[PDB]
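To keep things clear, I will list the structure first and then write my remarks on it.
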4 protein chains.
Amino acid sequence: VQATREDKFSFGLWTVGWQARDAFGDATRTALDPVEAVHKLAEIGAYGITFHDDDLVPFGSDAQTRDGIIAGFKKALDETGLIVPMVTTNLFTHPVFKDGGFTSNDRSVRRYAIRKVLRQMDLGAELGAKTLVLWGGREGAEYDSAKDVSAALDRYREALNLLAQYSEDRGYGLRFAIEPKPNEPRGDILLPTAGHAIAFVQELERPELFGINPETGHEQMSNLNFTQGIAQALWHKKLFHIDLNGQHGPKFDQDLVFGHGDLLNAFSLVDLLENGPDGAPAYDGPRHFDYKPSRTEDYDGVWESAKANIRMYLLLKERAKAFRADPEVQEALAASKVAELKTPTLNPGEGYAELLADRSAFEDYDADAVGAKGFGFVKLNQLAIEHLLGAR
Amino acid sequence: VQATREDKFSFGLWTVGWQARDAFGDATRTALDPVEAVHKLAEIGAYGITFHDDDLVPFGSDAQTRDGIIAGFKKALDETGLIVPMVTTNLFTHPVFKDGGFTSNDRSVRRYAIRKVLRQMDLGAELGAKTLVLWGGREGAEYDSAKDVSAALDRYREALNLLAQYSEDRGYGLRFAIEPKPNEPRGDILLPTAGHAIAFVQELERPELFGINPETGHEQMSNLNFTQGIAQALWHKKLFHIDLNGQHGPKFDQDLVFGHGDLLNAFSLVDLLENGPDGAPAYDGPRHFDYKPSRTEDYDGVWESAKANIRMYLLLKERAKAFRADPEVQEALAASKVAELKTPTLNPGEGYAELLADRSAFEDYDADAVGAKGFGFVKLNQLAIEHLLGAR
Amino acid sequence: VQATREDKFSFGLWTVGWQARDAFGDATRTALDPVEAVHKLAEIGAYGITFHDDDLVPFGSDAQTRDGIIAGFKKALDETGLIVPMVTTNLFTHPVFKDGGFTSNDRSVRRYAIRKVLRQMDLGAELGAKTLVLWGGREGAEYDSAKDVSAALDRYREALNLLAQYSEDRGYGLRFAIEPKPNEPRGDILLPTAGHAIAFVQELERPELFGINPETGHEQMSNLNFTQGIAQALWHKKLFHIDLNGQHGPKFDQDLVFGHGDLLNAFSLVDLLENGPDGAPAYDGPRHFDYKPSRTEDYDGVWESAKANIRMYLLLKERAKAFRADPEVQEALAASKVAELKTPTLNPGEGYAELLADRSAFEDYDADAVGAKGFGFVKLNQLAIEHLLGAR
Amino acid sequence: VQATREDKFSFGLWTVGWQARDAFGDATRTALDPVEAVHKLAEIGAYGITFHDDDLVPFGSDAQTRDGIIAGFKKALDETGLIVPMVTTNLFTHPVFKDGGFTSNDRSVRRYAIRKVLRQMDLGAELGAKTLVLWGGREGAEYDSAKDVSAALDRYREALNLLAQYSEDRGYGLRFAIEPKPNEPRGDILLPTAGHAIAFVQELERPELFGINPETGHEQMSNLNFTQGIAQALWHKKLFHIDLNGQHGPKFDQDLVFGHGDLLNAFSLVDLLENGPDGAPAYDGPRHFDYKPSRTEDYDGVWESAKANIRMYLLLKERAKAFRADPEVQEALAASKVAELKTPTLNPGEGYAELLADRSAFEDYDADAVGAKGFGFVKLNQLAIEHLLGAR
Ligand SMILES: OC[C@@H](O)[C@H](O)[C@@H](O)CO
Ligand SMILES: OC[C@@H](O)[C@H](O)[C@@H](O)CO
Ligand SMILES: OC[C@@H](O)[C@H](O)[C@@H](O)CO
Ligand SMILES: OC[C@@H](O)[C@H](O)[C@@H](O)CO
Ligand SMILES: [Co+2]
Ligand SMILES: [Co+2]
Ligand SMILES: [Co+2]
Ligand SMILES: [Co+2]
Ligand SMILES: [Co+2]
Ligand SMILES: [Co+2]
Ligand SMILES: [Co+2]
Ligand SMILES: [Co+2]
């Protein structure tokens, strides 16, 4: 298959740029030039690139340096036609953030973290970014008595409310996406799942400007069903962005190519995002890959893995489409009553009193008879896998 | 230490009454009589008892029978001075509920599920219960194509809105507590974590009436920090009830005595609930034990395990109090800056314009120097554990 | 494709016969007659059937009743041509086994467990079974101080030595396969992984008569790589039997159809078993499905799920074959140096003296240059998945 | 309490020397001088220190420098009285080992790896070390088709056979301890659990020279019961060394202070090692702490955390002894029939013939009456915990 700008595949500069220095070893690859990343990505079919402030401008660069870098990067986007759909800020690498950015126990660190983000918001707006992703990687703790969670949530909220105020006042029109993660690098991270991130956002001052950026591996690190979690995020209308990658259950964050981890879940996910209501996708934003080319690879391996992500997504889409289009699947869906869940439980205008008066809903209901009918779910599931396998 | 009615320990009829019939073996204990249970629980110090409809009145009892049982039950309550703080409905045992109660693909089961709950609401109202716990144990799926998550959430919401309507029209004054669980019996259950449940509740018609009933073991089945999730629930003011028990990480639901699984987290949990805001508890509801006496035990074991739950709580409470009262702990808390998180990041009347004008929050900030100072968190953790072990 | 007797697909009577009573609810299906199960399995292409003593003959049947069941059973086998490749004993259902069979703390239970097994060996030997599977589902503990592991391993060994003795004396020619499981129904089960079982087997009086019966979901319950553990079992030559099914990581035992859990691991498992050394399979015993038709299904869903197991194995086999016959895959294998691992590290006749003498192995080794070459692993993994997807 | 040299507390140079560069951020601490390390550890009570070649002598140090470093190191040991009980080799950091050391697909890497170990064996022998720990951190894969496990086991064996040969011929008298780990840094590591490592060792040429070095955190990363695995290791007589630390279930390797993860399991572990048969410890090797001072800490937090490891072990020891000495515990052990498991199942001289003749073990056995009696395990567990809380 072939990727189009209409596919909206984006990559973080820190992905193909990952030098492969893990917690147990040194880097196996040399640094990638931002400008080269831009030309290579354009070439493999991506429509946009994302970056952390510190991925593009080395922490501590003077404005002369800083300015120079931005200018060149800007030219590259220009020549290639790539856009910057999202930007983020690094609030986890520097030792100052060892206890967090926004929720560090140290007050001075909190002030500093806000400033770092405001600045990145400025660059984002200049480059045309529409979404600010916030990954609070260091917000959390290793020991329960070290962090007052309530105070931490107040401080997270305080910081976010200021960011929305500024964006709205400067007219940047940004949307903010909170990225949930259960652990790593902190023992436990605040807002561990898509669920906790959504509940939190609901308490902000201008909640309509806030949503989440869920990551495949993050939810899988707690053994949760990523597809079901996205379905919930979509129900709430809080899916502002998405990070796609692969993981093999609860272990360190692997960041494999999308679909190289839980393949069956990767398939139900593409199905959910693409076979939305009335043909059209259920999701319209970037399909962003936040993965890492394995430590054992060289730059050849790097570009290969970049293309594998696109490839995986397009192969899955194709099968998800074929799945839904199959009259036998259509028949199995009917037998399993999947669409019957869309019919309200209650009749039009029916309330508690009418329901209480309906003898068929209780007094005269044959639970035993209904309890014996099968749902035909294994059969429908088998049909889906055969489509995935290209056997149908 | 001895239990008082003020401690508010409650137990489900189904905990001490569990016959220990598991997924791989027959029951090892005979049935426990409800009046007996009330009398034994009163004796060990419980202040209240809870039950699913079907735990008290056998599924399908005729009115005469049903009526007879309730009368006997109320008399035992009367005599012992035990109350019924919460009631729930069994929407998971009977085969009709194999694909869910409120979210079954089958429209007729959904209708029947609502009628079964209304009926239990009337009984709870009659007994003076204040909370209706809803555990959607069969809501979810084994296969992703079998359940439309979006339609399921619509139907779950449709049903809850009706229950609140009825409660409010009738003047019952009930509060509704949704109980999250990631899995078991279904592959994946809808609303898997405390977070997912809180986010959901914020979308109902009368949200002020809805909260959650998180269970220690359910959060631990996903390897999440239970204390930290309770802290967030308290921040949202949605902790309506709590189910206490023990678990050893992600595996089937063990339902051990509280404190017999993750002891360190059991300790931080009691500290959070009891060493509240003033000096006063941060949570005022029932301390409910939803556990199961191990299958290897007889009725002497059952009564021993019931008392063990109260004993673990009182012993942890005592050490949590001692921890907070220690001057060396006060000192370690001061060195770790725990309390500094409670001070707003911004000075009163400061906005983004004033922050941007503060050179010290960024332009002249010495991040390297701040990043070199230690938080002393290990030492604080070490004092906590020494209090737990009675080593101080 | 269609299954042939040469495929050696077998099913436990307890799989298609599971009535679906789980830990939270009643059975949803009526009991399956063993004769009927023989006929239906024959019909879908199974070559054999297996059973626990108690699956065929109800616990406590008098000798006339037991004899009658066995006779009708044998007749069905005869008429269909199905064989009984393995038999097993239920040492987990009856309350007497609540603390285990061979390792119960109670001496009398240990004596009775051995007698129950001996009696099953007789029946197995008479039906022609070649393997006795031993699943100690109840050997273990919920609490560390309740069980002396060392004493427990001594007792385990004590029982197994007797069984080997009896079999050898009677000329039964049975092979014994211990089945590891990490937990469920005990909090922790003895011999938790394929590794622990293999190490234990090695300490018996006649180790050559003992191997393991590893199950897909059981290793996945600990989030281990099943194919990789199977590879090691094959290296030790201890894979006497195999239980195939599906699971989604660490949670209760799901027993899904084979391939419906971790699809990618199912794929690599079929590759390992069939594309063995010298053209031929690496394993020649039964391909046994120890799964359960989901609780949502009726008897139609039961047979559909039995057939899904076979279809899943055959589709994966087909794709594994095509994978290996692809010149591009071969080229990738060569580039990744997979086969170079099969060449001894030392030259023929080289010892440490000569290795110490080779400056090319150290003194003149350019670690830095080798360290920069990519292995091309991602590209290889991508072709593997494109074969599975039927995209190649 | 206070540590004595008889407690045999040892620490790796890399533990207190960890600079805190994690997968997501820079080092927060400066480098620790080895001589200083020797001095600091002697002061807190350690009886020994251990290290990887590369911890002591910088990778790529000329002969002169290396020699220089060693001589200073020997002086510090001299001056302080600390010994080097164990030494290990770094086969995971340098880029050349990205695919492993001993089982790298690349043959030239395997040869280099052996050379690097021989050299450390010499230094080890010279410093008086008794054990060579082998941690194959890079032995494994991210993708199943990239590693022939069988070939890798052959190459692993091939390398160990040679090391044994060398050590025996040089008269070093070393014992070899293989350290299992399930994952991190490789997606899946070979010899993932204590079980797998023991099974492997049994296949070597001089098995009496090999054992294992299990780490608390490693077994817990797979959610296995550490104490139970150590109990099996002792049964096999393969506990050559042990790494103590803390972990919070399946997630990245946390390396917390011993007893800061699963407290209940740390208690049962100390009980097992110390309350050995004949009053005496069941294990007499070094109690080695392979942990990491949290990244939020400075050098003071570093020495605080080192002392915390010793304090935890000694406080647990103290409670394990009090527990065993309690008459009420003694009464609970008897009711639980813990010791009845040590009495053989068969009477002296009984074999299957006599067991078959015993009607009381089967024909006249009342399984129902035995099945109704409880084991009193909950009460026994509750007493263990009250001893741990210092409540008794
Ligand atoms: O787990 C790492 C996170 O996924 C980050 O890459 C964020 O998305 C950006 O800060
Ligand atoms: O996991 C089982 C559940 O916890 C139930 O006991 C609910 O709390 C009540 O239906
Ligand atoms: O998890 C249950 C076990 O898998 C059993 O089915 C054994 O294989 C046979 O007793
Ligand atoms: O998880 C990392 C390992 O624990 C190492 O520290 C080894 O013990 C020494 O190579
Ligand atoms: Co990630
Ligand atoms: Co991300
Ligand atoms: Co539970
Ligand atoms: Co509960
Ligand atoms: Co199973
Ligand atoms: Co099995
Ligand atoms: Co470790
Ligand atoms: Co270690």
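In chain C, numbers come from Swiss-Prot; the residues present are 3-394, in order.
Header says: X-ray crystallography, 2.2 Å.
Any Cβ shown, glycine's included, is placed from N, Cα and C.
Residues C:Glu181, C:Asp245, C:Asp292 are recorded by Swiss-Prot as Mg(2+) 1 binders, and the candidate that the same record lists for that site, out of C:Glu205, C:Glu207, C:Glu217, C:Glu221, is C:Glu217.
Apart from the site residues C:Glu217, C:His220, C:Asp255, C:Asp257, the chain places the Cβ of C:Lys183, C:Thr218, C:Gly219, C:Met223, C:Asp245, C:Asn247, C:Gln249, C:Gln256, C:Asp292 no farther than 8 Å from the centroid of the site's Cβ atoms, the recorded Mg(2+) 2 location. Each of the recorded positions C:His54, C:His220 was assessed for Cβ neighbours inside 10 Å, and the highest tally belongs to C:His220.
When the Cα of C:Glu217 (Mg(2+) 1 binding site) is compared against those of the recorded positions C:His54, C:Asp57, C:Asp257, the shortest separation belongs to C:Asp257.
Of all Cβ atoms in the protein chains displayed, 23 besides its own lie within 10 Å of the Cβ of C:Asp255 (Mg(2+) 2 binding site). In this structure, C:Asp257 (Mg(2+) 2 binding site) belongs to neither helix nor strand by DSSP; it is coil. Around the Cβ of C:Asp245 (Mg(2+) 1 binding site), a 10 Å sphere holds 25 further Cβ atoms from the protein chains shown.
Fewest other C-beta atoms within 10 angstroms, among the binding-site residues C:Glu181, C:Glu217, are seen around C:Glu181.
Only C:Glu181, C:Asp255, C:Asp292, of the binding-site residues C:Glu181, C:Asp255, C:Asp257, C:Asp292, place a Cβ under 6 Å from an atom of ligand 3.
Ranked by CA distance from C:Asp57 (active site), the binding-site residues C:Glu181, C:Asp245, C:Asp255, C:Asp257, C:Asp292 have C:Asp292 at the top as the closest.
Report note: the Mg(2+) 1 site is defined by C:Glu181, C:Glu217, C:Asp245, C:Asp292, and the residues of the same chain whose CB lies within 8 Å of the CB centroid of those residues, excluding them, are C:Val135, C:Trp137, C:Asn215, C:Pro216, C:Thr218, C:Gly219, C:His220, C:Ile244, C:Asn247, C:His290. Sequence-distant neighbours of C:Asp257 (Mg(2+) 2 binding site) (same chain, six or more apart, CB under 8 Å from its CB) are C:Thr17, C:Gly219, C:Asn247, C:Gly248, C:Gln249, C:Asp292, C:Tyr293, C:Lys294, listed in sequence order. A distance of 9 Å separates the Cα atom of C:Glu181 (Mg(2+) 1 binding site) from that of C:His220 (Mg(2+) 2 binding site).
For ligand 9, the nearby recorded positions are C:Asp255, C:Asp257; that is, of C:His54, C:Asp57, C:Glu181, C:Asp245, C:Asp255, C:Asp257, these have a C-beta under 6 Å from one of its atoms. For the recorded positions given as C:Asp57, C:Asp292, the lowest number of other CB atoms within 10 Å of the residue's CB is seen at C:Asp57.
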